[PDB]
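Here's a solo chain for you in C-alpha cells, the form deposited in one PDB entry.
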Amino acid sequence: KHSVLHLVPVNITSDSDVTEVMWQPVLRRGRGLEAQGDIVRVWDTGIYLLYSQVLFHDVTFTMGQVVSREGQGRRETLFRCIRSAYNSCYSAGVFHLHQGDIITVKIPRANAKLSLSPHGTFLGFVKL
C-alpha cells in the first residue's frame, strides 16, 4: 500500500534573494519522508512521484518555483515551473530519491507574494 505525503503552507519565509515555504502535513501514510520547516528530508530510498503547485500574487516580470534535491552537498534541480495578479504554476515528475536527501521548493525572487491557502499552494509525494 503506497506511502504518500501531501504538504500545505503554514508560513512564507525569505539577504538570500529567495523565498521558501514552511510546510505542514495534511495527509501522511507510511513514513520515509519528513517535512522539517521549509524542507522535506528523505529517509527511505526509492522512486517517488513529486508534485508542486505554487499560487503566485506578485505583479513581477517573471516568476516560478524550483524543486531541487541536495545529497552529498551538491544540489540538482529536479524540475521547475515558470510563468510570465493571481496565477498558479503546476509541475511534477518521477525521481530517484536517496536517504539523506533534502528536498526544497524555492522561488528565486526575494519576498515573493504567494498564497498560503492549502488548495492553491502545495507539495506532495507518492512512493512508487
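Just count from 1 along the sequence shown to find any residue number. We call the rigid core whatever largest set of C-alpha positions still superposes within 1.5 Å between the two forms.
Farther from the shown form on average, by C-alpha root mean square after a core fit in 5 other deposited structures of this protein, is 70-78, of the stretches 70-78 and 25-33. Greater average departure of CA atoms from the shown form, over structures and residues in 5 other deposited structures of this protein after a core fit, characterises 57-65 among 57-65 and 42-50. According to the record, the deposited sequence contains 4 to 9 residues between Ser84 and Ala85 that were left without coordinates. Count the deposited residues lacking coordinates between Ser14 and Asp15 and you get 1 to 3 of them.
Higher average CA B factor: 28-36, of the stretches 41-49 and 28-36. According to the PDB record, 62-70 carries the higher mean C-alpha B-factor of the two stretches 91-99 and 62-70. In this PDB entry, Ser117 carries a Cα temperature factor that places it within the lowest third of its chain's modelled residues. In the PDB entry, a CA B factor belonging to the lowest third of its chain's modelled residues is recorded for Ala110.
There is another form of the same protein, the form solved in complex with a partner chain; it is not shown, and what comes next is about it.
When the partner chain is considered in the deposited bound form, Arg41 lies well away from it, no heavy atom lying within 4.5 Å. Using a 4.5 Å cutoff between non-hydrogen atoms, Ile102 does not count as a contact of the partner chain in the deposited bound form. The partner chain is not shown here, but in the deposited bound form it comes within 4.5 Å of a heavy atom of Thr62. The partner chain is not drawn, but in the deposited bound form it has a heavy atom within 4.5 Å of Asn111.
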